[PDB]
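Structure first, then comments.
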Amino acid sequence: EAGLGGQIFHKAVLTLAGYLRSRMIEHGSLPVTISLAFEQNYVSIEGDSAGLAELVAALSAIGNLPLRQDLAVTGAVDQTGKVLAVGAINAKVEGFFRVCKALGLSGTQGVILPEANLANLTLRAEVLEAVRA
Amino acid sequence: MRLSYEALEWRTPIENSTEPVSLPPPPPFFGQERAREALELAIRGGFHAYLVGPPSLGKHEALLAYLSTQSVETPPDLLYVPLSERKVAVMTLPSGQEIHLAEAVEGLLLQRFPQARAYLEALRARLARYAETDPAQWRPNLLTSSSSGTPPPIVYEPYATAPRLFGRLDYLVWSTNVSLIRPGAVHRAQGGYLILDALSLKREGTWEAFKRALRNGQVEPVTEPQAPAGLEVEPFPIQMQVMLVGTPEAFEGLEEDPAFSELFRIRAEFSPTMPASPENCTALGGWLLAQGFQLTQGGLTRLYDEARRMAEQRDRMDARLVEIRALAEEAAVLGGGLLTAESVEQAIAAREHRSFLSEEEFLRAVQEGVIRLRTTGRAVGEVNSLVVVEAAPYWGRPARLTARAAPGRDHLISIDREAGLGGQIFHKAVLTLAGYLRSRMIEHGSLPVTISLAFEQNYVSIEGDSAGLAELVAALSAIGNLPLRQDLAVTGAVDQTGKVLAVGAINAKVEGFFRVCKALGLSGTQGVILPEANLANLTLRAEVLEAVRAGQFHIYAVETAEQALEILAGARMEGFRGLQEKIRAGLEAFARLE
Amino acid sequence: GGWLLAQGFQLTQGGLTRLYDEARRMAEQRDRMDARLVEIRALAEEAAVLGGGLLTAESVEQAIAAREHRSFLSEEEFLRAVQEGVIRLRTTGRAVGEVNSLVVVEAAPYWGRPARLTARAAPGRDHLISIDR
Amino acid sequence: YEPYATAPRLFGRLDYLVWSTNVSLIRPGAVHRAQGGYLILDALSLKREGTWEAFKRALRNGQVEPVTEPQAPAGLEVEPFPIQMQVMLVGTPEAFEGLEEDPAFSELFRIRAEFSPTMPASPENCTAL
Ligand SMILES: *C(=O)[C@]1([C@@H](O)C(C)C)NC(=O)[C@H](C)[C@@H]1O
Ligand SMILES: *C(=O)[C@]1([C@@H](O)C(C)C)NC(=O)[C@H](C)[C@@H]1O
């Protein structure tokens with residue numbers, strides 16, 4: 001709405017609305033307004049790769065469900081709620097490790113990502129060591 | 001209706017594959033009767049004409065062969081004569097007579113030629129004046145001479161620059177005189193034909209000056225900035241027919257000038273296809289032998305049948321002889337000099353291999369699950385819609401299309417169109433489908449549902465109405481909770497009345513869903529549903545026709561969107577027992593939920 | 001007629017009459033004739049070739065026909081696609097909410113064609129929707 | 001391999017002695033030097049230098065004109081000649097996009113040789129590397 005999101009990002013939001021509307025039908029129309037923001041983002045963002053994170057945040061806000069902040073999330077979602085492949089998977093993973101590392105590893109941090117990207121994980125040594133530990 | 005193998009087979013039976021063909025060279029316009037008749041008029045009447053049609057049809061070759069058969073009386077000698085030390089004119093004298101004047105002239109250091117009066121006088125008054133009181137720039141300058149008019153002069157100048165059209169002045173150091181003028185294509189074409197490309201006239205910026213030559217007779221040799229003075233060149237009467245050549249789109253810019261159609265009154269338009277008949281198969285064979293190919297019957301037959309598939313029509317063949325020849329030239333290498341059925345079929349395969357990287361990446365990502373598709377089982381509100389990705393050579397692929405329905409107030413939402421990925425024609429198809437849906441399901445008042453449709457994992461712009469039938473079946477499936485076959489992909493446009501309409505790239509679509517089914521393992525029950533109105537455009541490749549013959553792939557042709565839904569949902573619209581009932585019950589559940 | 005004889009044409013009465021009546025049709029008016037003498041002459045020049053030097057009614061009517069043939073490719077493609085059912089049209093029978101509306105396609109010489117126009121009506125709140133618009 | 005596809009580098013150059021000019025002062029370009037063999041050019045240089053149309057003309061029509069000067073009172077006519085060479089053009093998918101909307105490109109360059117951005121990670125490609 002503020003003009004920071006591209007066409008593919010917009011598409012991902014409409015897909016997510018399609019999923020949400022169609023899962024929760026018992027009341028008629030969804031009796032809620034849901035707003036989603038990337039806090040402190042000041043630049044244009046494009047891609048559907050934040051869809052799964054927007055969807056979990058939306059179901060959490062509806063259901064009053066506390067979510068783990070030690071697990072970052074990445075993945076695109078289709079209207080049926082299936083998680084889809086995203087690009088730059090190794091960068092994403094490693095960049096959440098760097099932040100967790102810079103603030104002190106707690107032991108329970110990690111990332112949730114699409115099963116369809118398993119074959120693109122070629123993680124750097126430091127992350128594979130942490131996972132092994 | 002199911003399309004049997006017998007219904008789909010379209011290729012030409014080959015007897016005695018390896019026997020060498022021997023056939024006479026056809027006439028220059030075979031299968032182009034429109035153009036031939038337009039150019040017969042322009043030749044009989046002296047009109048200028050333009051030859052318009054797609055690239056690679058061989059317009060130029062055909063026109064040069066045609067004009068080479070014409071005859072005209074032997075053209076006159078053409079020359080510049082001085083009328084003064086600063087004036088020149090173009091003149092004609094009867095053929096062979098210039099060499100006689102030039103000698104009469106040279107034997108004037110220190111009548112026979114009535115035509116040369118203007119120059120002869122001007123010559124005397126200068127002799128008078130030098131008596132009355134070197135520079136030897138008073139002789140005629142021969143531009144062309146010719147020994148017959150069979151064939152007439154035929155000048156094709158593909159590079160239409162001003163010095164190439166209109167000639168050039170040389171300076172000796174300035175000095176300049178009538179003797180240093182060189183002719184252009186205009187001069188060389190006098191008493192015959194000048195052939196130019198429409199795109200060169202535009203690119204070189206020479207259209208206006210060429211107009212002036214044809215309209216006003218002004219043909220100025222090109223000059224240099226430096227030269228203290230220069231020669232005046234008198235206009236001259238133009239005696240030539242111009243033939244311009246180009247594509248429909250090369251002509252578009254020239255056509256907004258009124259002067260174009262005043263000056264080029266004969267349009268000779270070449271058709272992109274011709275009848276696929278035994279007489280055009282025969283002309284093609286003689287045309288190939290005359291190009292120097294060693295052709296065999298099987299090779300002529302496969303080329304002929306590949307021209308039909310290039311036209312995407314069982315009844316018509318592609319008219320672009322230059323393209324058939326290019327393919328024949330690659331076939332020849334592969335058959336060692338001999339154009340056989342194998343070598344043609346292998347040339348084709350190699351071309352497909354050479355532009356197959358995008359498709360290999362694609363099929364890999366489907367195999368890895370990076371693109372998520374289904375080619376088996378049933379699923380509600382989903383269907384393999386078939387698409388062609390923007391880019392030559394335009395492979396076809398399945399795209400998973402989903403539809404979700406929820407209680408809401410009649411809204412048919414295309415996500416790709418709302419996100420700006422869908423073009424105007426695609427948008428039109430969605431509104432058509434909403435028009436159909438609203439008007440079929442009226443019992444509750446307004447449609448008590450919101451329906452959203454997305455092409456999953458599409459990241460590019462999509463245009464065309466060719467996904468309409470797949471969007472419509474997905475929408476009725478989501479309303480009615482109807483499981484659809486994922487082993488049948490769908491293609492077709494739909495109108496407001498629910499009739500299925502023709503779509504483009506039908507062979508690509510079909511074959512690209514076969515490739516995906518093949519790459520994931522054929523299950524035996526995969527296939528495509530497509531418009532009955534495209535039957536005549538199915539000229540499927542061998543591997544698909546074989547699979548269909550083996551019962552391992554299936555083509556269904558439909559006339560209405562309801563027939564597609566019955567196939568994909570495995571049940572009739574009526575009975576009880578029937579799809580219409582389940583869609584009713586669906587809509588009523590939504591209506592209550594509202 | 002006098003203007004044509006002064007240009008050097010060998011004109012006959014039937015030839016002058018058809019030229020005159022083709023100038024009326026070029027104006028698309030029964031009462032007015034097209035004033036473009038250069039255009040009448042160009043047509044007369046093609047007629048002359050076809051009548052062997054003599055401008056007759058046949059040769060004028062045949063010049064006209066040949067010009068229509070020479071720009072008829074688009075229409076031949078069109079009529080073929082209707083005949084094959086690739087363009088779907090009806091020219092017989094009755095149908096609800098459909099009609100052959102007639103159109104001119106952008107491009108010289110501007111042939112006319114039927115276009116099937118459909119209208120669907122449903123319960124809703126006064127909306128007249130032109131899909132093409 | 002002429003990476004710098006300017007007209008004088010492709011088609012050769014006329015020298016003038018002071019003008020005078022004659023057949024003896026003509027220098028060859030890459031086109032001449034490539035006769036009976038192979039000429040390699042980059043798609044991006046053809047575009048940047050503006051020499052695509054003139055190179056078309058060389059391949060299509062056999063016109064290979066040495067480059068000339070404005071000043072020169074006159075100049076030499078150069079007859080076309082039959083071209084005997086194979087051209088190999090090199091570039092990215094995006095260097096080709098502009099050349100591909102000309103019909104003449106795919107008429108003249110009938111063999112596309114597309115390099116894949118990745119290959120199999122196998123012990124034989126580890127060994128070749
Ligand atoms: C995902 O599509 C993506 C995310 O950064 C944004 C927040 C959607 N967009 C991108 O360009 C990069 C590569 C991410 O994948
Ligand atoms: C159909 O009109 C079509 C489909 O790819 C999209 C999904 C509508 N569009 C096209 O350009 C190609 C050629 C398909 O026909």
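The chains in the structure tokens are called A, B, ... from first to last as shown; in each chain the residues are counted from 1, and the ligands are counted from 1 in the order shown.
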Interface list for chain B, partner chain C, 8 Å threshold, only C-alpha atoms, as a ChimeraX atom specification
/B:34-35,38,41,44-45,266-269,271,428,431-432,435-436,438-439,442,445-446,496-497,501-502,533-534
Pull N, CA and C atoms from the residues just selected and write them as a PDB file, in the first residue's frame.
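Done, and the output landed in part_20.pdb:
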```
ATOM      1  N   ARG B  34      -2.027 -14.285 -56.311  1.00  0.00           N
ATOM      2  CA  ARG B  34      -2.164 -12.770 -56.025  1.00  0.00           C
ATOM      3  C   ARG B  34      -0.963 -11.886 -56.537  1.00  0.00           C
ATOM      4  N   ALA B  35       0.238 -12.206 -56.148  1.00  0.00           N
ATOM      5  CA  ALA B  35       1.388 -11.415 -56.456  1.00  0.00           C
ATOM      6  C   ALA B  35       1.744 -11.499 -57.828  1.00  0.00           C
ATOM      7  N   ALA B  38      -0.526  -9.332 -59.782  1.00  0.00           N
ATOM      8  CA  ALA B  38      -0.371  -7.891 -59.537  1.00  0.00           C
ATOM      9  C   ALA B  38       0.857  -7.533 -60.340  1.00  0.00           C
ATOM     10  N   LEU B  41       0.200  -7.121 -64.203  1.00  0.00           N
ATOM     11  CA  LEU B  41      -0.340  -5.758 -64.431  1.00  0.00           C
ATOM     12  C   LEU B  41       0.704  -4.699 -64.460  1.00  0.00           C
ATOM     13  N   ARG B  44       2.809  -4.990 -67.633  1.00  0.00           N
ATOM     14  CA  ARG B  44       2.076  -4.652 -68.869  1.00  0.00           C
ATOM     15  C   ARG B  44       1.840  -3.141 -68.856  1.00  0.00           C
ATOM     16  N   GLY B  45       1.533  -2.549 -67.690  1.00  0.00           N
ATOM     17  CA  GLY B  45       1.148  -1.136 -67.677  1.00  0.00           C
ATOM     18  C   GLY B  45       2.209  -0.093 -67.429  1.00  0.00           C
ATOM     19  N   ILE B 266       0.788  -0.379 -57.612  1.00  0.00           N
ATOM     20  CA  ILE B 266       0.549  -1.894 -57.579  1.00  0.00           C
ATOM     21  C   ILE B 266       1.215  -2.528 -56.313  1.00  0.00           C
ATOM     22  N   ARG B 267       0.352  -2.997 -55.380  1.00  0.00           N
ATOM     23  CA  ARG B 267       0.663  -3.775 -54.289  1.00  0.00           C
ATOM     24  C   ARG B 267       0.704  -5.266 -54.808  1.00  0.00           C
ATOM     25  N   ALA B 268       1.864  -5.927 -54.644  1.00  0.00           N
ATOM     26  CA  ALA B 268       2.023  -7.445 -54.920  1.00  0.00           C
ATOM     27  C   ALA B 268       2.283  -8.161 -53.608  1.00  0.00           C
ATOM     28  N   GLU B 269       1.233  -8.561 -52.898  1.00  0.00           N
ATOM     29  CA  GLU B 269       1.302  -9.185 -51.584  1.00  0.00           C
ATOM     30  C   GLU B 269       1.445 -10.750 -51.645  1.00  0.00           C
ATOM     31  N   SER B 271       1.623 -14.364 -49.822  1.00  0.00           N
ATOM     32  CA  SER B 271       0.851 -15.001 -48.724  1.00  0.00           C
ATOM     33  C   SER B 271       1.898 -15.824 -47.886  1.00  0.00           C
ATOM     34  N   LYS B 428      -9.479  -9.215 -20.314  1.00  0.00           N
ATOM     35  CA  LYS B 428     -10.773  -9.474 -21.060  1.00  0.00           C
ATOM     36  C   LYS B 428     -11.306 -10.887 -20.832  1.00  0.00           C
ATOM     37  N   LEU B 431     -12.863 -11.166 -17.243  1.00  0.00           N
ATOM     38  CA  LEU B 431     -14.279 -10.560 -17.336  1.00  0.00           C
ATOM     39  C   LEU B 431     -15.239 -11.361 -18.137  1.00  0.00           C
ATOM     40  N   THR B 432     -14.766 -11.946 -19.214  1.00  0.00           N
ATOM     41  CA  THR B 432     -15.771 -12.881 -20.007  1.00  0.00           C
ATOM     42  C   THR B 432     -16.262 -14.042 -19.149  1.00  0.00           C
ATOM     43  N   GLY B 435     -18.801 -12.950 -16.591  1.00  0.00           N
ATOM     44  CA  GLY B 435     -20.071 -12.844 -17.395  1.00  0.00           C
ATOM     45  C   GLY B 435     -20.736 -14.208 -17.576  1.00  0.00           C
ATOM     46  N   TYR B 436     -19.947 -15.212 -17.918  1.00  0.00           N
ATOM     47  CA  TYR B 436     -20.511 -16.590 -18.007  1.00  0.00           C
ATOM     48  C   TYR B 436     -21.010 -17.163 -16.663  1.00  0.00           C
ATOM     49  N   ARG B 438     -21.720 -15.531 -13.781  1.00  0.00           N
ATOM     50  CA  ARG B 438     -22.819 -14.818 -13.189  1.00  0.00           C
ATOM     51  C   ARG B 438     -24.117 -15.270 -13.808  1.00  0.00           C
ATOM     52  N   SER B 439     -24.102 -15.512 -15.112  1.00  0.00           N
ATOM     53  CA  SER B 439     -25.328 -15.693 -15.829  1.00  0.00           C
ATOM     54  C   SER B 439     -25.772 -17.103 -15.821  1.00  0.00           C
ATOM     55  N   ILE B 442     -27.917 -18.211 -11.233  1.00  0.00           N
ATOM     56  CA  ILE B 442     -28.644 -16.990 -10.925  1.00  0.00           C
ATOM     57  C   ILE B 442     -29.624 -17.175  -9.756  1.00  0.00           C
ATOM     58  N   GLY B 445     -29.699 -14.978  -6.540  1.00  0.00           N
ATOM     59  CA  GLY B 445     -29.421 -13.587  -6.715  1.00  0.00           C
ATOM     60  C   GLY B 445     -27.975 -13.548  -7.168  1.00  0.00           C
ATOM     61  N   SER B 446     -27.256 -12.540  -6.676  1.00  0.00           N
ATOM     62  CA  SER B 446     -25.842 -12.337  -6.945  1.00  0.00           C
ATOM     63  C   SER B 446     -25.089 -13.592  -6.506  1.00  0.00           C
ATOM     64  N   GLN B 496     -18.574 -15.775 -23.478  1.00  0.00           N
ATOM     65  CA  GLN B 496     -19.604 -15.623 -22.410  1.00  0.00           C
ATOM     66  C   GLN B 496     -20.678 -16.646 -22.401  1.00  0.00           C
ATOM     67  N   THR B 497     -20.846 -17.344 -23.519  1.00  0.00           N
ATOM     68  CA  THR B 497     -21.840 -18.350 -23.610  1.00  0.00           C
ATOM     69  C   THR B 497     -21.306 -19.687 -23.195  1.00  0.00           C
ATOM     70  N   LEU B 501     -13.038 -21.773 -27.628  1.00  0.00           N
ATOM     71  CA  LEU B 501     -12.594 -21.195 -28.825  1.00  0.00           C
ATOM     72  C   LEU B 501     -11.227 -21.528 -29.099  1.00  0.00           C
ATOM     73  N   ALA B 502     -10.840 -21.371 -30.367  1.00  0.00           N
ATOM     74  CA  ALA B 502      -9.448 -21.648 -30.821  1.00  0.00           C
ATOM     75  C   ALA B 502      -8.342 -20.926 -30.075  1.00  0.00           C
ATOM     76  N   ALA B 533     -12.131 -26.609 -32.291  1.00  0.00           N
ATOM     77  CA  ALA B 533     -11.857 -25.727 -33.370  1.00  0.00           C
ATOM     78  C   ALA B 533     -10.374 -25.714 -33.730  1.00  0.00           C
ATOM     79  N   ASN B 534      -9.458 -26.281 -32.947  1.00  0.00           N
ATOM     80  CA  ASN B 534      -8.033 -26.378 -33.334  1.00  0.00           C
ATOM     81  C   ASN B 534      -7.640 -27.769 -34.061  1.00  0.00           C
TER      82      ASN B 534
END
```
What parts of range 68-299 of chain B does DSSP call strand (DSSP E)? I'd like the answer as a PyMOL selection string.
chain B and resi 77-82+87-93+141-144+154-156+168-169+181-182+192-197+232-233+240-246+266-269+273-275+294-295
Select all residues from chain D having any atom no more than 12 Å from an atom of chain B (counting only C-alpha atoms, ignoring ligands), output as JSON, numbers by chain.
{"D": [18, 19, 20, 21, 53, 54, 56, 57, 58, 60, 61, 62, 63, 69, 70, 71, 72, 73, 74, 75, 76, 77, 93, 97, 100, 101, 102, 103, 104, 105, 106, 107, 108, 109, 110, 111, 112, 113, 114, 115, 116, 117, 118, 119, 120]}
Any chance you can output those residues with N, CA and C atoms as a short mmCIF file (atom, residue, chain, number, x, y, z; two decimals), in the first residue's frame?
```cif
data_model
loop_
_atom_site.label_atom_id
_atom_site.label_comp_id
_atom_site.auth_asym_id
_atom_site.auth_seq_id
_atom_site.Cartn_x
_atom_site.Cartn_y
_atom_site.Cartn_z
N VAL D 18 49.61 12.73 -50.56
CA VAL D 18 49.25 14.04 -51.12
C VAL D 18 50.38 14.64 -51.98
N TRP D 19 43.78 14.43 -53.60
CA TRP D 19 45.07 13.85 -53.27
C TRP D 19 45.57 12.92 -54.35
N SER D 20 46.44 12.03 -53.93
CA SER D 20 46.57 10.80 -54.66
C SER D 20 45.93 9.70 -53.79
N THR D 21 45.57 8.62 -54.46
CA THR D 21 45.06 7.42 -53.84
C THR D 21 45.24 6.46 -54.96
N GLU D 53 24.78 -3.13 -39.68
CA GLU D 53 24.24 -3.03 -41.03
C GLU D 53 25.29 -3.17 -42.02
N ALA D 54 26.43 -2.53 -41.84
CA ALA D 54 27.48 -2.70 -42.89
C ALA D 54 28.03 -4.17 -42.90
N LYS D 56 26.22 -6.96 -42.13
CA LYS D 56 25.15 -7.56 -42.95
C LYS D 56 25.36 -7.47 -44.41
N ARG D 57 25.69 -6.28 -44.86
CA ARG D 57 25.91 -6.05 -46.29
C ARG D 57 27.09 -6.83 -46.78
N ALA D 58 28.12 -6.93 -45.96
CA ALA D 58 29.30 -7.75 -46.35
C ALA D 58 28.86 -9.20 -46.48
N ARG D 60 25.80 -10.54 -46.81
CA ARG D 60 24.64 -10.74 -47.71
C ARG D 60 25.00 -10.41 -49.13
N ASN D 61 25.84 -9.40 -49.35
CA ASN D 61 25.84 -8.79 -50.66
C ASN D 61 27.24 -8.78 -51.09
N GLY D 62 28.16 -9.19 -50.22
CA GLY D 62 29.56 -9.17 -50.63
C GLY D 62 30.22 -7.80 -50.73
N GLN D 63 29.62 -6.78 -50.13
CA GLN D 63 30.15 -5.43 -50.20
C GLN D 63 31.04 -5.18 -49.03
N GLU D 69 38.00 8.98 -46.66
CA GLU D 69 37.96 10.33 -46.04
C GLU D 69 37.12 11.43 -46.80
N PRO D 70 36.36 12.25 -46.03
CA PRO D 70 35.57 13.40 -46.53
C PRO D 70 36.28 14.28 -47.57
N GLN D 71 37.54 14.63 -47.29
CA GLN D 71 38.33 15.62 -48.07
C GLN D 71 38.53 15.27 -49.56
N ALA D 72 38.72 13.97 -49.81
CA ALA D 72 39.31 13.41 -51.03
C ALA D 72 38.48 13.64 -52.26
N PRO D 73 38.98 14.47 -53.17
CA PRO D 73 38.26 14.94 -54.35
C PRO D 73 37.42 13.84 -55.03
N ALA D 74 37.99 12.64 -55.09
CA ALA D 74 37.39 11.48 -55.70
C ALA D 74 37.64 10.31 -54.76
N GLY D 75 37.41 9.12 -55.29
CA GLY D 75 37.73 7.89 -54.60
C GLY D 75 37.57 6.70 -55.52
N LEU D 76 38.00 5.55 -55.03
CA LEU D 76 37.96 4.34 -55.80
C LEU D 76 36.65 3.63 -55.61
N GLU D 77 36.13 3.10 -56.70
CA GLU D 77 35.07 2.11 -56.62
C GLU D 77 35.68 0.71 -56.29
N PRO D 93 23.15 -13.70 -23.52
CA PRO D 93 21.80 -13.70 -23.98
C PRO D 93 21.32 -12.30 -24.16
N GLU D 97 19.86 -10.00 -27.72
CA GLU D 97 18.44 -9.57 -27.77
C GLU D 97 18.18 -8.48 -28.83
N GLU D 100 18.62 -9.96 -32.37
CA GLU D 100 17.55 -10.91 -32.67
C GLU D 100 16.25 -10.31 -33.17
N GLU D 101 15.98 -9.03 -32.97
CA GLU D 101 14.75 -8.53 -33.62
C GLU D 101 14.94 -8.15 -35.12
N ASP D 102 16.16 -8.22 -35.60
CA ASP D 102 16.38 -8.16 -37.01
C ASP D 102 16.20 -9.60 -37.63
N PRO D 103 15.25 -9.78 -38.57
CA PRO D 103 15.03 -11.08 -39.27
C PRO D 103 16.34 -11.54 -39.90
N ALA D 104 17.18 -10.60 -40.31
CA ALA D 104 18.38 -10.97 -40.98
C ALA D 104 19.40 -11.68 -40.05
N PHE D 105 19.30 -11.48 -38.73
CA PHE D 105 20.23 -12.15 -37.84
C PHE D 105 20.05 -13.67 -37.91
N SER D 106 18.90 -14.16 -37.58
CA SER D 106 18.73 -15.58 -37.67
C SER D 106 18.75 -16.16 -39.14
N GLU D 107 18.63 -15.33 -40.18
CA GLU D 107 18.82 -15.85 -41.52
C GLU D 107 20.30 -16.11 -41.70
N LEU D 108 21.09 -15.22 -41.14
CA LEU D 108 22.53 -15.28 -41.47
C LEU D 108 23.29 -16.19 -40.43
N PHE D 109 22.86 -16.19 -39.16
CA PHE D 109 23.53 -17.00 -38.09
C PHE D 109 22.60 -18.14 -37.78
N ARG D 110 22.64 -19.23 -38.59
CA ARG D 110 21.64 -20.34 -38.42
C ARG D 110 22.06 -21.32 -37.28
N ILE D 111 23.30 -21.20 -36.81
CA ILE D 111 23.67 -22.14 -35.66
C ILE D 111 23.87 -21.33 -34.34
N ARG D 112 22.94 -21.54 -33.38
CA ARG D 112 22.99 -21.12 -32.07
C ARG D 112 23.83 -22.21 -31.30
N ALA D 113 24.94 -21.77 -30.67
CA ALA D 113 25.78 -22.66 -29.71
C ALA D 113 25.67 -22.11 -28.31
N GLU D 114 24.65 -22.53 -27.55
CA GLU D 114 24.35 -22.04 -26.21
C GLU D 114 25.10 -22.83 -25.08
N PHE D 115 25.84 -22.05 -24.32
CA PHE D 115 26.66 -22.59 -23.17
C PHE D 115 25.77 -22.52 -21.95
N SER D 116 25.80 -23.58 -21.16
CA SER D 116 24.92 -23.73 -19.97
C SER D 116 25.70 -23.05 -18.78
N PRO D 117 24.94 -22.47 -17.82
CA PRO D 117 25.62 -21.67 -16.79
C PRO D 117 26.17 -22.68 -15.75
N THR D 118 25.72 -23.92 -15.79
CA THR D 118 26.21 -24.89 -14.83
C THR D 118 26.42 -26.21 -15.57
N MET D 119 27.19 -27.11 -14.97
CA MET D 119 27.25 -28.48 -15.47
C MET D 119 27.13 -29.47 -14.33
N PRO D 120 26.98 -30.76 -14.67
CA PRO D 120 26.93 -31.81 -13.63
C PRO D 120 28.11 -31.77 -12.66
#
```
Using only C-alpha atoms and all ligand atoms, determine which residues fall within 6 Å of ligand 1, then list them as a ChimeraX atom specification.
/A:45-50,86-88
Distance filter 8 Å around ligand 2, atoms: only C-alpha atoms and all ligand atoms, out as a PyMOL selection string:
chain B and resi 385-390+394+396+426+462-468+492-493+503-506
Mind dumping the selected residues with N, CA and C atoms as a tab-separated table (two decimals), in the first residue's frame?
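The resulting file, result09.tsv, is reproduced below:
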```
chain	number	residue	atom	x	y	z
B	385	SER	N	-2.79	-25.76	-16.62
B	385	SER	CA	-3.26	-24.95	-17.69
B	385	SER	C	-1.94	-24.95	-18.53
B	386	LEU	N	-1.96	-24.69	-19.83
B	386	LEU	CA	-0.74	-24.83	-20.67
B	386	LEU	C	-0.32	-23.51	-21.18
B	387	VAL	N	0.97	-23.23	-21.29
B	387	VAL	CA	1.33	-21.83	-21.55
B	387	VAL	C	2.47	-21.89	-22.48
B	388	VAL	N	2.74	-20.77	-23.16
B	388	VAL	CA	3.96	-20.59	-24.00
B	388	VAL	C	4.70	-19.45	-23.43
B	389	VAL	N	5.94	-19.67	-23.06
B	389	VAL	CA	6.77	-18.60	-22.57
B	389	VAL	C	7.36	-17.69	-23.66
B	390	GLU	N	7.18	-16.39	-23.42
B	390	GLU	CA	7.63	-15.31	-24.27
B	390	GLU	C	9.09	-15.54	-24.57
B	394	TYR	N	9.64	-20.46	-28.40
B	394	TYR	CA	8.29	-20.59	-27.86
B	394	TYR	C	7.92	-22.06	-27.53
B	396	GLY	N	6.18	-24.97	-25.17
B	396	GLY	CA	4.99	-24.98	-24.30
B	396	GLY	C	5.26	-25.65	-22.93
B	426	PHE	N	-5.72	-10.88	-21.53
B	426	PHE	CA	-5.99	-11.80	-20.41
B	426	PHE	C	-7.07	-11.33	-19.47
B	462	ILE	N	1.78	-12.28	-18.41
B	462	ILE	CA	1.10	-13.24	-19.22
B	462	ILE	C	-0.01	-12.47	-19.98
B	463	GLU	N	-0.18	-12.80	-21.24
B	463	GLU	CA	-1.24	-12.15	-22.06
B	463	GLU	C	-1.94	-13.20	-22.92
B	464	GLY	N	-3.17	-12.93	-23.39
B	464	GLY	CA	-3.88	-13.89	-24.31
B	464	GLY	C	-5.09	-14.34	-23.53
B	465	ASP	N	-6.03	-14.92	-24.23
B	465	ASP	CA	-7.26	-15.42	-23.56
B	465	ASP	C	-7.15	-16.96	-23.51
B	466	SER	N	-5.99	-17.46	-23.88
B	466	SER	CA	-5.90	-18.98	-24.03
B	466	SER	C	-5.94	-19.73	-22.72
B	467	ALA	N	-6.14	-19.04	-21.56
B	467	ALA	CA	-6.19	-19.85	-20.27
B	467	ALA	C	-7.57	-19.79	-19.76
B	468	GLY	N	-8.47	-19.28	-20.60
B	468	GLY	CA	-9.84	-19.08	-20.02
B	468	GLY	C	-10.51	-20.33	-19.65
B	492	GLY	N	-7.56	-23.57	-24.12
B	492	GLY	CA	-8.82	-23.16	-24.82
B	492	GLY	C	-9.26	-21.78	-24.35
B	493	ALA	N	-9.97	-21.03	-25.19
B	493	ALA	CA	-10.39	-19.71	-24.68
B	493	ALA	C	-11.93	-20.04	-24.53
B	503	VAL	N	-7.16	-21.59	-29.93
B	503	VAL	CA	-6.01	-20.91	-29.29
B	503	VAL	C	-4.81	-21.07	-30.22
B	504	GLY	N	-3.76	-20.37	-29.98
B	504	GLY	CA	-2.60	-20.40	-30.89
B	504	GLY	C	-1.63	-21.50	-30.29
B	505	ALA	N	-0.56	-21.79	-31.01
B	505	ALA	CA	0.60	-22.63	-30.53
B	505	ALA	C	0.14	-24.01	-30.01
B	506	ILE	N	-0.85	-24.60	-30.69
B	506	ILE	CA	-1.47	-25.78	-30.17
B	506	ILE	C	-0.47	-26.92	-30.12
```
Could you list, as a PyMOL selection string, the residues of chain B having an atom within 9 Å of chain A when counting only C-alpha atoms?
chain B and resi 368-372+402-408+415-416+418-421+450-454+456-460+590-594
Mind pulling up the distance from CA of residue 32 in chain A to CA of residue 411 in chain B?
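These atoms are spaced 18.5 Å apart.
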Please, what distance in Å, to one decimal, runs between CA of residue 126 in chain D and CA of residue 364 in chain B?
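Between these atoms lies a distance of 21.3 Å.
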As an exercise, work out the distance from CA of residue 155 in chain B to CA of residue 65 in chain D in Å and give it to one decimal place.
19.6 Å
Would you kindly return, as number ranges by chain, each protein, DNA or RNA residue with an atom no farther than 12 Å from any atom of residue 2 in chain C, considering only C-alpha atoms and excluding same-chain residues fewer than 6 positions away?
C: 8-13, 16
Shell of 9 Å around residue 522 in chain B, only C-alpha atoms, local chain residues under 4 positions omitted, as a list in words:
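The contact residues come out as residues 375, 514, 516, 517, 518, 526, 552 and 553 of chain B.
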Which residue is closest to residue 88 in chain D? Choose from D:40, D:35, D:50, D:129 and count only C-alpha atoms.
D:40
Per-residue DSSP, chain D, filtered to alpha helix (DSSP H), as a PyMOL selection string:
chain D and resi 7-11+30-33+43-48+52-61+93-100+103-108+123-128
